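Note: ideal-geometry Cβ built from the backbone for every residue, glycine included; neighbour counts use all protein chains shown. Read-outs: derived from the displayed coordinates by stated rules, not from any lab.
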Amino acid sequence: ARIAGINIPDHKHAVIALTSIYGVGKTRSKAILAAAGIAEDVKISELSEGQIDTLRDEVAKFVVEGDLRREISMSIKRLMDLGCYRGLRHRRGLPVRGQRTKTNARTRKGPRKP
Amino acid sequence: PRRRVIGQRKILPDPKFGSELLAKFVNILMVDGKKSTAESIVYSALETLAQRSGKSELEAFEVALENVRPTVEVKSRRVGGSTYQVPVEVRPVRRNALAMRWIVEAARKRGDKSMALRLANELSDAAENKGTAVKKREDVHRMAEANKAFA
Amino acid sequence: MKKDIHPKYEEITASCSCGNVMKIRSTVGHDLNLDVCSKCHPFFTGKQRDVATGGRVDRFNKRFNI
RNA sequence: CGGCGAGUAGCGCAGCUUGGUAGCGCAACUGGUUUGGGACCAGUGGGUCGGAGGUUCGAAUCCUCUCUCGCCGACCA
RNA sequence: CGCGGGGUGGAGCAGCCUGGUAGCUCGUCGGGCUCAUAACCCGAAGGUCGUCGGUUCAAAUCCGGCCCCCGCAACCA
RNA sequence: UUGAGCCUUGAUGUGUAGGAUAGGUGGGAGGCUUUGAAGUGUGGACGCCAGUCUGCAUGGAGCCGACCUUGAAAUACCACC
RNA sequence: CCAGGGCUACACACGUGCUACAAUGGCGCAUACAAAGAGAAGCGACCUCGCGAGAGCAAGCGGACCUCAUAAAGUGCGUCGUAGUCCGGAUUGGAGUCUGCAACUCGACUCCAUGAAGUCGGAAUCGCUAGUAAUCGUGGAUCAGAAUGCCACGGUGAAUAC
């Protein structure tokens, strides 16, 4: 379909198909389909048009793909221009939740190139 | 080892139909001590092969053993200077026990869906001896017969 | 135009979810069924969402509560 | 001096002829093996073509100019 | 201006005559081996044979052409 | 001793379909035999050892044409090679 | 003596682990079978509230009786269908709970969102002979809080030794 901007999976059940949107995982998607009155075991191909529309206003209640990314990136930019401790580690690129850096943190630091 | 020549174990027979040779086979298929998981695979693969083979379970199973059951294998023995490979005759208790190992490692490399489908495919095409499990047995007989000069 | 070198440019019907059913000419093939359109897009409210950036000291007053 | 011939990774050598992406060995570096070193196994990095300017869409290559170092002779009364 | 010959995985060799049934040696990888390296045995990946036409129930070999390398003997604008 | 040319009795080359050590087409579809047969014994020869052949002669006056499936016609007579 | 900071830094190298790369699995629902141990400025039912971590109320217990405490792999049924995928859970954002004078440096945990590397690992190298290896959970000490470590406990349970 085109749920909340993108959503073209098929052959998947609707709880898993809905999780393609940036902003919904397994438990938010269950909250969508419960409020839409849709069974979770249906594919998107077997969805009528009278069901796809009542998901679009249902998914519109949660901040999703478009305006979520600019929300998250501004909050990082709120920290990085604040000069705080978490913003300072966001600048250099290093783990910000207070975990070790002597041997680990390959995720923040990328590969060990030299 | 050095000293002890220990006698072997006491395997209890298979619960579906009493056979220690099938009961030894489910141990080689087992992992992490999960025997009920492995028995689920064996019975579901033996019945879906017994339909394809026509023969009933055990005789459909044991005919697929002789196509992977070897008879000679190489060992690396040193007596004079540098060491080479001598082909030795495989003792019979090991002989089918080595065959069961080659099957379940061939079925684990199989790119099918489930282990029941994988093992039944491997155990069937070994009854027509076309699988990779017989190709292990053919390639141990090639390097044994390449080294037939040592006896 | 030249003949026989262009795609089949026929008249189709486009129906959005907001109710705007419109008649266009396109090479979709027939019966395009939309979700959003010009009078369905949130260009009048949805553009202003993160423009409302929110406060920080009111969050403190939502935690001090006194 | 003239003529020819070189300059390429730390070193020694290819590629140039015949234009689009430069290899080779050693060395280096990281790991392994060993009590440790060497040796040996894996891995991996490094140059951007002496310099300058042209030609060309594009130059290590093609031209020219100096630079550096080779080789040849710079003779007859 | 003429006699016949060689061109075959990255690299080298047979099977050409007597037509069908593309094999080896090394180097690369994967095993086995060993305290480790070397060696060694098994299996595999890489070419449809310099190129263009012929016929037959089937050709990568045979039939001519055409190209490169020959090994020679030939050659008086 | 011996090539090489040459005269000539005589000799040669089953992929498979599937009886077929048969070179290409046929001419013509019957040669044949009691101026003593099919089947055989063997000395051999030949050999992808697949398979065919002939000679003291046993047997000793009958064997066998396209039929059989064949891409083909049958040293059953056959020409030139 | 005190406050604050450091012992937690981070171009990198090593050791020991944990979790993975999935279908012998994941997820959903239902359901079975342990041992050992701790507990009073402590363990904390039941009930109520909260999606949850938890909170409130609060019996009982210095304990074979009370609480921690529903063992989990298992087994049934459904789904997924070999995909970086319903695998994996790092990282990061937001919102919280608890402990404690205090959680910025620098705690654990929950919720929502995110969803990276990884598709079985070079040369090498380790452990293990039977209730062992492997795998699954539980408890304890230290401790206001803070373990994948340590020390214990049971569940399932091999292969092989010429």
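Among B:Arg110, B:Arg2, what is the fewest-to-most ranking by other Cβ atoms within 10 Å?
Fewest-to-most ranking of B:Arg110, B:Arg2: B:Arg2, B:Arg110.
Past 31 Å, Cα to Cα, is the threshold; run A:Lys26/C:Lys47; B:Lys34/B:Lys75; B:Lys10/B:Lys55; A:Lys12/C:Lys8 against it and keep the listed order. Over 31 Å Cα-Cα: B:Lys34/B:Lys75; A:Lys12/C:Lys8. When chain A is treated as a GNM with alpha-carbon contacts under 10 Å, the residue of A:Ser29, A:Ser73, A:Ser20 showing the greatest mean-square fluctuation is A:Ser73.
Suppose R0 equals 22 Å. What FRET efficiency, 1/(1 + (r/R0)^6) with r the Cβ-Cβ distance, do B:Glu59 and B:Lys113 give to the nearest 0.05? The computed FRET efficiency comes out at 0.25. A Cβ-based charge dipole, computed about the Cα centre of the protein assembly as shown with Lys and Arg at +1 and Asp and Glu at -1, lands at about 2960 debye. Database note for the protein assembly as shown: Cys without another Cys beta carbon under 4.7 angstrom, A:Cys84. Using the Cβ-Cβ distance between B:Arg77 and B:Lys16 with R0 set to 45 Å, the FRET efficiency from 1/(1 + (r/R0)^6) comes to roughly 0.60.
Each peptide among B:35-42, B:12-19 gets the average number of other Cβ atoms lying within 10 Å of its residues, and from highest to lowest they stand as B:35-42, B:12-19. Using only side-chain charges placed at the Cβ, +1 for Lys and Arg and -1 for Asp and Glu, the dipole size of the stretch B:87-151 relative to its Cα centre rounds to 200 debye. With the simple spin-label model, which puts each label point 7 Å out from Cα in the Cβ direction, the A:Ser75 to B:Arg101 separation comes to 5.6 nm.
Counting, for every residue in A:56-62, the Cβ atoms of other protein chains within 10 Å of its Cβ and taking the mean gives 1. The simple Förster model, with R0 at 30 Å and r as the Cβ-Cβ distance, assigns C:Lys23 and A:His13 a FRET efficiency of 0.25. Mean per-residue shielding of peptide C:31-44 is 1, counting Cβ atoms of other chains within 10 Å of each Cβ.
Annotation for B:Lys135 and B:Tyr84: the two label points, set 7 Å from Cα along the Cα-Cβ direction, are 2.9 nm apart. If each of C:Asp31 and A:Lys102 carries a label point 7 Å out from its Cα toward its Cβ, how far apart are those two points in nm? The modelled label-to-label distance comes out at 6.9 nm. Considering only A:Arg28, A:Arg91, A:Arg56, give the residue with the highest GNM mean-square fluctuation for chain A, with springs between Cα atoms whenever their separation is below 10 Å. With Cα springs under 10 Å in chain A, the top fluctuation among A:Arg28, A:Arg91, A:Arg56 is at A:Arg91. The GNM of chain A, with springs linking C-alpha atoms under 10 angstrom apart, assigns the highest mean-square fluctuation among A:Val96, A:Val42, A:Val63 to A:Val96.
The fewest-to-most ranking of C:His41, A:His11 by surrounding Cβ atoms within 10 Å reads A:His11, C:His41. A dipole drawn for the protein assembly as shown from +1 and -1 charges on Cβ atoms has a positive end, and of B:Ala127, A:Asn104, A:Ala1 the residue lying farthest that way is A:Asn104.
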